[PDB]
Each structure stands twice: as structure tokens, then as C-alpha cells.
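Okay, structure first, notes after.
Note: ideal-geometry Cβ built from the backbone for every residue, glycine included; neighbour counts use all protein chains shown. Read the figures in this text as sums done on the coordinates, not as results from a lab.
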Amino acid sequence: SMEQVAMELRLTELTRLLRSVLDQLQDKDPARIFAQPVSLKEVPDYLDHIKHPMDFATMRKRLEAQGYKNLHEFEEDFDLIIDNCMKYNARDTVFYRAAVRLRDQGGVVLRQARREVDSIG
């Protein structure tokens, strides 16, 4: 149908916008602490601690399969990155601190992304 195509164009355009959001968020992680999944070879107990691991590469795979239907789903995944880190790692670590800085800086980007998603529809 033509309606299915129109819906698919909206999804493609959301995907375009979330790709730009993802790039901007990942620039706020210049140490690349959150770039890749936590290694289960190097942290073998990780899944005993963290039930839903997340990282920027995993988000990018979902994004490119157009697997985020709305901004809420994308934000859920970004929040997992931060929240998992702040539980696994103690307050006095470079990892925890990187997450705090990513959260604070990403808030600005996400605030305007929400306005853009509503605005453009």
C-alpha cells in the first residue's frame, strides 16, 4: 500500500535523525569506554551483575536495521549504557565518571532531539 510506504519513509527519516543523535552522543565519549560490549572473556561474571548489557556498537546495529520505532526506544538503550556502568563500577572509577559525563552532556542533545521528533512528526 501507499500508506505502508509513507510509514516506511517516516521510519527512514527517524533513522536518519537518530543516526545524527547517535553520532553526537558518541562524541561525548572520547575515551571510547562505551563503544563496544563489555567483554565476557575479560569480565566473565558480567551477566551475573547486568541483565541487559548495552553499548554504542550494539545500538548502531539496531539503528541500521531500522529497529528503533520511536525516540523512547533509542533513549531506553542509551540509558542502559549509563545505568549499567554506574551499577557495575564504583563511584571512584574512570568508568563511573565517564558515564556521569556522558549522561550530563547527552541530556542536551536528547532534549533538542525530542523537540525535532515532535516538530517534524
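Which ones in region 96-121 are within 16 Å of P30 (Cβ to Cβ), of a type in the set (A, V, I, L, M, F, W, C) and surrounded by 16 or more Cβ atoms within 10 Å (Cβ to Cβ)? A98, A99, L102, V109, listed by residue number. Against the condition part of a helix (DSSP H, G or I) and small (G, A, S), how does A90 come out, does it pass? So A90 fails the test. Residue pairs whose Cβ atoms lie under 7 Å apart, separated by 6 or more positions or on different chains, with the first residue in region 41-56 and under 12 Å from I82 (Cα atoms) and in contact (Cβ under 8 Å) with a residue 24 or more places away in the chain and the second part of a loop (DSSP other than H, G, I, E, B) and not aromatic (F, W, Y), are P53/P37; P53/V38; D55/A35; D55/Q36; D55/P37; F56/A35. Among the residues of region 23-31, is any under 16 Å from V109 (Cα atoms), in contact with a helix residue (DSSP H, G or I) (Cβ under 9 Å, 6 or more places away or on another chain), among the polar types (S, T, N, Q) and surrounded by 12 or more Cβ atoms within 10 Å (Cβ to Cβ)? Scanning region 23-31, I find at least one residue that is under 16 Å from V109 (Cα atoms), in contact with a helix residue (DSSP H, G or I) (Cβ under 9 Å, 6 or more places away or on another chain), among the polar types (S, T, N, Q) and surrounded by 12 or more Cβ atoms within 10 Å (Cβ to Cβ), so the answer is yes. Do we find a residue being in contact with a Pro (Cβ under 7 Å, 6 or more places away or on another chain), surrounded by 11 or more Cβ atoms within 10 Å (Cβ to Cβ), on the phi < 0 side of the Ramachandran plot and not charged (D, E, K, R) anywhere in region 35-43? Checking region 35-43: at least one residue is in contact with a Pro (Cβ under 7 Å, 6 or more places away or on another chain), surrounded by 11 or more Cβ atoms within 10 Å (Cβ to Cβ), on the phi < 0 side of the Ramachandran plot and not charged (D, E, K, R).
Of the residues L9, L17, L80, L47, the single one that is touching a helix residue (DSSP H, G or I) at 6+ places or on another chain (Cβ under 8 Å) and either surrounded by fewer than 13 Cβ atoms within 10 Å (Cβ to Cβ) or in a helix (DSSP H, G or I) (or both) is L17. Reported count of residues in region 18-56, each being hydroxyl-bearing (S, T, Y) and farther than 23 Å from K69 by Cα, is 2. If the condition is being charged (D, E, K, R) and in contact (Cβ under 8 Å) with a residue 60 or more places away in the chain, then region 1-40 contributes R10, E13, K28, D29. Per the conditions (1) assigned to a helix (DSSP H, G or I); (2) within 22 Å of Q112 (Cα to Cα); (3) hydroxyl-bearing (S, T, Y), the sole criterion not satisfied by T58 is (2).
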